[PDB]
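Counting neighbours? That spans all protein chains shown, and the Cβs are built from the backbone with ideal geometry, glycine included. Rule-based calculations on the coordinates, nothing more; no lab input.
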Amino acid sequence: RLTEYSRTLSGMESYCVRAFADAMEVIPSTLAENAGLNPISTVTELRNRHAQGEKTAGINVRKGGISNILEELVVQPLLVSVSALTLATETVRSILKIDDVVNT
Amino acid sequence: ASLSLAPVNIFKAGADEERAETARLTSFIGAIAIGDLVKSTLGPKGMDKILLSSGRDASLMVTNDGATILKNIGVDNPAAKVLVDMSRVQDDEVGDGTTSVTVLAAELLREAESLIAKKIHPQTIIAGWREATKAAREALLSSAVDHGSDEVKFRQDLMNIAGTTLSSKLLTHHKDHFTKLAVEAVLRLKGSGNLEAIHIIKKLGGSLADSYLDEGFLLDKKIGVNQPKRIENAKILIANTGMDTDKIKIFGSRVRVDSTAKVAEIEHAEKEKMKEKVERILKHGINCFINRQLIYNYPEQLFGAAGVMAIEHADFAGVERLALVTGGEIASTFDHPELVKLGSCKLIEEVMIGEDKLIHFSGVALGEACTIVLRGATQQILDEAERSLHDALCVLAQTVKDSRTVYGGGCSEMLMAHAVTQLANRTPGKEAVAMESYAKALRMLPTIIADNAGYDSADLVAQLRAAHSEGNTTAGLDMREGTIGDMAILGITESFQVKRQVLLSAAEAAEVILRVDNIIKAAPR
Amino acid sequence: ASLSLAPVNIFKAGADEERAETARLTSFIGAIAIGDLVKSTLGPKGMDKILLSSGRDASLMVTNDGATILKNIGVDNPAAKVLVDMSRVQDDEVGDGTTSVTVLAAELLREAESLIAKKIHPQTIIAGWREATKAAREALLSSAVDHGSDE
Amino acid sequence: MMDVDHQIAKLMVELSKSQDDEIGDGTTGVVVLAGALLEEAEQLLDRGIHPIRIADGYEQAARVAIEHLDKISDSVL
Amino acid sequence: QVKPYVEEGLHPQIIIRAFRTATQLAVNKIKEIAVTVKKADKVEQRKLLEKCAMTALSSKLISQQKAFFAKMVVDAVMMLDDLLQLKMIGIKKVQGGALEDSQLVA
Amino acid sequence: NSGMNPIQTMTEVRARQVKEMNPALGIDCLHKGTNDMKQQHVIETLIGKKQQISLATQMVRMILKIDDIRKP
Amino acid sequence: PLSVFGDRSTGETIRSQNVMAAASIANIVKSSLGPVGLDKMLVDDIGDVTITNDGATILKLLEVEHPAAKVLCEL
Amino acid sequence: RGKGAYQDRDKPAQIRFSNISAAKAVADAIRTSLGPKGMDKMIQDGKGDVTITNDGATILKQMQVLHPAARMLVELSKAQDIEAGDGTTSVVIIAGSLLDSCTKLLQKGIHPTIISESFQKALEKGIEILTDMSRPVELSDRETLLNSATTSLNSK
Ligand SMILES: Nc1ncnc2c1ncn2[C@@H]1O[C@H](COP(=O)(O)OP(=O)(O)O)[C@@H](O)[C@H]1O
Ligand SMILES: Nc1ncnc2c1ncn2[C@@H]1O[C@H](COP(=O)(O)OP(=O)(O)O)[C@@H](O)[C@H]1O
Ligand SMILES: Nc1ncnc2c1ncn2[C@@H]1O[C@H](COP(=O)(O)OP(=O)(O)O)[C@@H](O)[C@H]1O
Ligand SMILES: [Mg+2]
Ligand SMILES: [Mg+2]
Ligand SMILES: [Mg+2]
Ligand SMILES: [Mg+2]
C-alpha cells in the first residue's frame, strides 16, 4: 500500500516513501528466513497474494508455505504493530536530526 | 625582555606564560572553535549533537541546546571557558539565545582578529565596539512593539513566540501541538514566574505527540494500605508534620523507671499522643491528607479507619505544587482548625500512565501549578523534549513579565547592523572600521541561519540588507521556501529581553576577551 | 562511509588519511604559516632571520632571501612542501622574487579559505582565478617598457 | 601509493593497475563501478540470494551492456 | 561414521577389514558400470574430452567461460604429441583485460 | 561533483534518453547549457568502456566468491 | 559494526562448542556407571581427598566455567 | 539553480552514515531471533551471570553496545516493551531497515529533512492502513484471547 501511495506522490518524497515500503518488506523476508523457505520467492508470493486481495495471506511455517493464517490462528493485537511502527519512525526521525558527536 | 625568554627562569616547573601575539592567537583560536562547534545548531534547520560521556557512567545525551552543549565538554582554553560561562549566564537569565550569543561573540572575535592583523590597536576596536553596541541597542529598543494591553493580540504574540522558540528543537515536528501546550501551561501560572510550579513528567513509551498538559495535577506518590483510592469533592489538608516515631524535641529527655510495666505504660502513652494528633488532624473535616514527610504504620491505619487518603513523602516541591494547585495551606500545627485553609478539588483517583500508577487531581480549585506528561520513544528524546519545553516556558514567562517583542528571522540583526553602519559612515578613524566589523558579525548571524538550511545565504543576506536600507524594517528570512518576507505577517516574533541580552552579553564577552594580551598559567595540580 | 571512519580498518599501522575539512584545514594552515614566516622580510624595510642548524656542526646563517629561509627548515606539512618547492623553482628560474611568490601564494590560499567558508565550490574559485590570472598577465605585458635599443 | 592492509583494498588497487595497463584511462571509473556493484550485492545478499547467483546475474548484465556499447558505438577517422 | 562404533570399544582391526572390503567392492563396481565407447571416433572423443573439461571447470571463478576454456584445453592436449608433458604447455599471465581476452597460441 | 542534484539530474537525463532516441545525452558537468555530449565533443573510446565493465564485473565476481579469511 | 566489548560466536561454532562441553561432562562421569563401574579420587589442591562414585558429588566438587556444562551439573 | 551551495563539511555525512551502520548491525544481530522458528541467544556478562533469552529488549539491554545509535535502539526496544510488551525485536528490525534505506536515500543526494517528513507521511498512511486491516474484538470471546496468547508464546 505504501508503494502505491508513493506512486501517487512526486519528487524526492516518492523515493523516500518507496524506501520506507522496501524497508517494511524486511519482516516477511526475515520470517521466510529462519524457517528454511526461500526468502525471495516467499516474499514475492506474499506480495502477489496481497495484491490479489488476500489481506490475511501470511507466512505459514506449519505447512512450509504461504496460506491464510486466520485458519492458522496466528493473530496479534493492533497496538503491537501500530506501536512498533510509530516508535520506530519516531526514533529514525530523531536519529536523522543528528550531525555531530562530541566527547564529554 | 619577557619572563619566558629571559636567561634566568622566573617560574615554577610546569608554569608558563604567553605574550601578546601568542596569547591573542590562543584566545582567538579557542573562541573560534567554540563558535564553530555551537553553530550549525542554529535556526529552524539546525541539527543536533551527541554528547557521549567518556566517564564511568558513559551518559548519552542528544541536544540542540547551546548551553548544555557547552556545559558538558572538557574545556581547557581559557577564552573558551569565558564563552562557556557567558552561555551559562545567558541560560540563567533567559531561556533562549545561548547559541545566538555564543556565535555572535565568536564572530566578533574573528572580526577582531582580522582588525588586529590590519594593525589596529585593540583599544580602538573596543571603543568602536562600545559605540556600535550603543547604536544597535537604541535601534533594537526603538524597534520593539508592545501588545500587552490587548489580550487577544498578546495571546497571538505568545503563540508566535513559543512557535519560534520551538522551531529549532526536536519539537518542531509537532510545533503546533507543543506550542499550544506550552502557552496554556504558562498562562495557567496567573502571572507568577516560578517555573518550578510547572512539573514535567517524562514517561517512556508512546509517540511524542501523545504528550499532553493535564487539566488538573498528577502526583507520583502512593496511598496507605487501607485507605480509599478515590474520593469525590476532596477537602485536602497539606502538612509538614513528622508523624514518624514523633519524638518530643527535648533532646536530653529519657525514660528511666524501675519496672517493665511502667515502660509499657509509657509506650501506650506515646501511642495515645500519636492517636490524639491524628484526631486533631481529623477534626479539620478532611478527606485527603498530604504530608511532606514519612507516615508510619500507626497513623496510616488511623487514617485508614477514618477513610482518609494519606499521601506520604511528597517533598517540598510536591507540597508547594499541591498548595498552588488546590489552594491549601502547608500546616504543621493543628490546634486552630479555623485558621487553616483546606485545598479542594473535584476528584482524586489513580491513573495508569505507561506501566506506572499516579495520583490524579481533577477539577482543582486554583490550578496555578501544572504537570506536563512527556511521552517519547527513547530516553534521549524525552530529555531533549524536556529541555526544549523548558526553553519555551522560560521565554513565555519572560514575555509575560515584559511584553515588548521584536521580530526574529534575522530582522533584528539586520536592523541593528543597518543602524551600526549608519553610525560608522559618519565617524572618522579606524573606529569606523571596528564598527563595520561589528555590523559584519551582526549580519553573519542570519548568514549562518541561512547556511544551516542549505540556502543561498549570500544572496538572501544581500537582499535583506538592501531591504533594510530601503526602509523595510520588518523584512526577514522566510525559511519555508528560501526567500525574504514580512516577519510581522509570517508571525516570527521574539522577546525583546532575549535579543537585548544576547547583544549585550556578546559585546561584553568580546570586549573582555579582546582586552587580554598575556595568558599566565600556574603549574597544574 | 569514509576510508578511516569505517568499522573495518583499511590501512597499515601508522597510515592516516584526512578528508575534506581536515585536508583543507591542514593545507591552509601550512601555506599561511609559510607565508607568514617568509613575509616581514619583504620590501626595503624587511628584516633578516637566523637559521640555527640542530646538527653536529650547528651551522649559523643569517639571511633575508626567501628561498634560503624556506629551504633550510624542517617542513612536514605537504602544502608547505609545495610552497617551498615553488620558491626554490622561482629562485632557479630567476634570481629574485622568491619571497614575493611565496607571500602571493599564501595570500591567495587565505582568500581561498575565506571563499570556501562562504560556501563556494573550489572549482569555481579555480576558474575565476584562471580568468583573473589571464587578465593580470595581459595587463602586465601591456604595461611593460623596453629600453634595450638605447645604450 | 595508498598504504592499505585489507586484502580487498589490495584487490581494488590491482584492479586499477589492470585498467591502467590494458587501457591507460578510466582507472577511477572501474573502482567506483566495482564499489557500486558490491554495494548493490550487499542488499541482494540481505534478501537471501546466493552470491554465486549475484555473480551470474552480473555477468549476464555485463554481456548485455557490452553488446549495447558495441551497438551504440561510433567510428572516427 | 565409524566414530560411534569406536566409542563402544569395537576392535579397530574389524573396522579396517570392513573398509578394505567395501572399498574393493566399490572400485570393482565403478570399473564395471563405467561407460566407455569402443569406436575411437574423433568427433566423439573430442566431445567427451570437452564435456569432461567443462565438468572439471564448472566449480571455479572461470566457470562462466567454461565452454571457451574447455575448448582451449582440449585443443592444447590434443596437439600435445605423445607424452602429454605439462612443461610443453606454457602458461603466461598478463595483467589487464577480460577473461575472454585470453588466447591459446598455436 | 559538479554541484548539481544527482538523482534529479540523472532521472531527467534518463527520461530524455528514453523519450527521444539519443544515447548521447549525458551530464552537463561544465554547465555548457546542453545535455548532448556529441555537440560538446565529449568522446570516449569504446575499448575503454568495455574494459571498464569487464574488469569491474570480473573483480566483483571474484570478491563475491570469497567466503573465508584466514589472516594470522 | 556491533562494537560490543566482548567475544561473539554464532552458528555451527557455538552449537558444536556446547556439544563439546556437554560431552566432556558426560565423559567425566561415564566411567562410574553400573556394577563394574569404578570410583574416582578427587584432590582439592590443599590435600583434601574425596573418593566417590556419586555423580552429583563429582559434579559439585569440580569447578566448571562453561555454562552448558554448568547446566548439566545443576541437572 | 546552477552549482548551488557547496557542501563544505562532509563530516555530518560521515556521522550519519556511522549511525546508520551501527543501527543496521544491531538489527542484523537480533534478526535471527524472530518468529516461531527463531532461536535464543546466550549472553554472559562481565560477572558469571548467564542468560538464555529470545526477548529482544532483554537481548539488547543485556549486552553493552557502546555506540550511541545502538544505545538509542536499546532505549527504543525498552519503550516498546513498556507500551506493548512484545514486538521488541520487530521494532528494532524496522528501525534498522529504515536507516539502511536512508543510506541509499542520502547517497542519492536528499537532505535528511525531506526524508524525515516523508517518513512521517508514510507512517501516517501506514497507521491508516493497519487500522483499516484491523478487526474488532471483545473480551467475552475466549478463543481470540487464547489464540493471541498462543501466538505470543509460539516464538519462545
Ligand atoms: N520560524 C523561523 N523563521 C525564521 N527564523 C527563525 C525561526 N525560528 C527561529 N528562528 C531563528 O533562529 C535563531 C536561533 O534560535 P534557536 O536556535 O531556537 O535558539 P538560540 O537563540 O538559543 O539559538 C533565532 O535567532 C531566530 O531568529
Ligand atoms: N626602493 C624600493 N621602493 C619600493 N619598493 C621596493 C624597493 N625595493 C624593492 N621594492 C619591492 O620589494 C618587493 C620584494 O623584493 P625583495 O624584498 O627584495 O625580495 P623578493 O624580490 O625576493 O621578494 C619587490 O616587489 C619590489 O617591488
Ligand atoms: N505460528 C506463527 N506463524 C507465523 N508467524 C508467526 C507465528 N507466531 C509468531 N509469528 C510472527 O513472528 C513475529 C515475531 O514475534 P516474536 O518472535 O515473538 O518477537 P516479537 O514479538 O518481539 O516480534 C511476530 O510478528 C509474528 O507475526
Ligand atoms: Mg531558541
Ligand atoms: Mg627581492
Ligand atoms: Mg580519464
Ligand atoms: Mg512476541
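Amide H contacts under 5 Å for B:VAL62: B:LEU51, restricted to partners 5 or more places along the chain or on a different chain, H placed in the peptide plane at 1.01 Å from N. Backbone phi angles across region B:250-256, fed through the Karplus curve with coefficients 6.51, -1.76 and 1.60 (θ = phi - 60°), yield HN-Hα couplings of 6, 5, x, 6, 7, 9, 9 Hz in residue order; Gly and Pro are listed as x. With contacts taken as Cα pairs under 8 Å and at least 6 residues apart, region B:301-351 reaches a relative contact order of 25 percent.
Backbone geometry of region C:85-97 corresponds, through the Karplus equation with coefficients 6.51, -1.76 and 1.60 at θ = phi - 60°, to 3J(HN,Hα) couplings of 5, 4, 5, 4, 5, 4, 4, 5, 6, 9, x, 9, x Hz, x marking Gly and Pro.
Put simply, when E:57-63, A:48-54, A:83-89 are sorted by average Cβ atoms within 10 angstrom per residue, most first, you get A:83-89, E:57-63, A:48-54.
Electrostatic tally near B:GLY14: other residues with Cβ closer than 11 Å to its Cβ, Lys and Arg +1, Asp and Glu -1, net +2. Listed by chain and number, the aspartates and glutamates placed with their C-alpha closer than 19 angstrom to that of B:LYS275 are B:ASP244, B:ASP246, B:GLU265, B:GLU267, B:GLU300, B:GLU312, B:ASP335; residues fewer than eight positions away on the same chain are left out.
Put simply, the amide H of B:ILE201, placed in the peptide plane, has neighbours under 5 Å in B:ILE372, B:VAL373, B:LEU374, leaving out anything fewer than 5 places away on its chain.
The angle separating the long axis of helix B:151-167 from the principal Cα axis of greatest extent in chain B is about 70 degrees.
Take H:115-123, B:120-128, G:15-23 and order them by the average number of nearby Cβ atoms within 10 Å per residue, most first; the result is H:115-123, B:120-128, G:15-23.
Taking only Cα atoms, what is the 0 to 90° angle, nearest 10, from helix F:6-19's long axis to the longest principal axis of chain F? Here the helix axis deviates by roughly 70 degrees. Computed over neighbours whose Cβ is under 10 Å from that of E:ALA98, the net charge equals -2, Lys and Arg +1, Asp and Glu -1.
Across peptide A:31-42, the average count of Cβ atoms from other chains found within 10 Å of a residue's Cβ is 4. For a straight C-alpha distance cut-off of 15 angstrom, the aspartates and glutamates reachable from B:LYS346 (same-chain residues fewer than eight places away being disregarded) are B:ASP214, B:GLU215, B:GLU232. Counting, for every residue in B:196-208, the Cβ atoms of other protein chains within 10 Å of its Cβ and taking the mean gives 3. Cross-link reach is defined here as a Cα-Cα straight distance under 18 Å, omitting same-chain residues fewer than 8 places apart; for E:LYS42 the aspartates and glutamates meeting it are E:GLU50, E:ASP75, E:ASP81, E:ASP82. Averaging over all projection directions, the Cα-based convex hull of the protein assembly as shown occupies 85.2 nm² in the image plane. What the phi angles of region H:28-38 give under the Karplus curve with 6.51, -1.76 and 1.60, with θ = phi - 60°, is a coupling list of 4, 4, 8, 10, 7, 9, 10, x, x, 9, x Hz, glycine and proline written as x. Restricting to Cα pairs below 8 Å that are 6+ residues apart, what does the relative contact order work out to for chain G? Please round to a whole percent. Averaging sequence separation for qualifying contacts and normalising by length gives 28 percent for chain G.
Rank the residues E:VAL27, B:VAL103, H:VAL74, F:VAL13 as a footprinting-exposure proxy: fewest other Cβ atoms within 10 Å of their Cβ go first.
On the way: E:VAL27 10, B:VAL103 26, H:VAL74 23, F:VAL13 15.
Final ranking by Cβ density, sparse to dense: E:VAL27, F:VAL13, H:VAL74, B:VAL103.
Around the Cα centre of chain G, unit charges on the Cβ atoms of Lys, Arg, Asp and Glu (plus for the first two, minus for the last two) sum to a dipole of about 340 debye. Between the helical axis of F:46-64 and the longest alpha-carbon principal axis of chain F there is an angle of about 40 degrees.
By average Cβ neighbour count within 10 Å, what is the ranking of B:2-12, B:152-162 from highest down?
Numbers: B:2-12: 10.0, B:152-162: 18.7.
Going by the mean number of other Cβ atoms within 10 Å, highest first, we get B:152-162, B:2-12.
When the pairs H:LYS41/H:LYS61; B:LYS180/B:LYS357; B:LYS235/B:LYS277; B:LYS430/C:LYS49 are compared against a 21 Å limit on Cα-Cα distance, B:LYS180/B:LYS357; B:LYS430/C:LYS49 fall above it.
A cut-off of 5 Å between modelled amide H atoms, ignoring neighbours fewer than 5 places along the same chain, links B:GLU494 with B:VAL406, B:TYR407, B:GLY408.
State, as an integer percentage, the relative contact order of region B:73-156 based on alpha-carbon contacts under 8 Å between residues 6 or more apart.
Values: 22 pairs, mean separation 10.4, N = 84.
That works out to 12 percent.
Stokes-Einstein diffusion for chain G at 20 °C, viscosity 1.002 mPa s, with a Kirkwood radius from C-alpha pairs, works out to 148 µm²/s. Across peptide H:143-151, the mean count of Cβ atoms from other chains lying within 10 Å of each residue's own Cβ comes to 3.
Since only B:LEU339, B:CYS394, B:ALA139 are under comparison, the one whose Cα sits farthest along the positive direction of the charge dipole of chain B, derived from C-beta charges on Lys, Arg, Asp and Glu, is B:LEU339. Each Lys and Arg contributes +1 and each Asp and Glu -1, all at the Cβ; summed about the Cα centre of the protein assembly as shown, the dipole is approximately 1960 debye.
What does the charge count near D:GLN19 come to, summing +1 for each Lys or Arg and -1 for each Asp or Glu among other residues with Cβ under 12 Å from its Cβ?
Working: positive: D:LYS17, F:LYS49, F:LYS50; negative: D:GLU14, D:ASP20, D:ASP21, D:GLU22, D:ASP25.
Net charge in that neighbourhood comes out at -2.
Annotation: Cα Rg of region E:1-86 relative to the compact-globule expectation 2.2 N^0.38 Å equals 1.73.
Fewest to most neighbouring Cβ within 10 Å: what's the order for B:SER40, B:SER168?
Values: B:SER40 20, B:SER168 24.
The most exposed by this proxy come first: B:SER40, B:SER168.
Pairs exceeding 19 Å between alpha-carbon atoms, taken from C:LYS119/H:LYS3; D:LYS10/E:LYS66; B:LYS229/B:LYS283; D:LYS10/F:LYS71: D:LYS10/E:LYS66; B:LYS229/B:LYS283. Once you've got the Cα coordinates, tell me which of G:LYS30/H:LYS37; A:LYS97/B:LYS190; B:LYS499/C:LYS118; B:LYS169/B:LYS341; C:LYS71/H:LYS11 are over 31 Å apart. From G:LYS30/H:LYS37; A:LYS97/B:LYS190; B:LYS499/C:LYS118; B:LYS169/B:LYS341; C:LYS71/H:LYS11, over 31 Å: G:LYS30/H:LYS37; A:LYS97/B:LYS190; B:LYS169/B:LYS341; C:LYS71/H:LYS11. Of H:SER97, B:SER114, A:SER29, the sequence from fewest to most neighbouring Cβ atoms within 10 angstrom is B:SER114, A:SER29, H:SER97.
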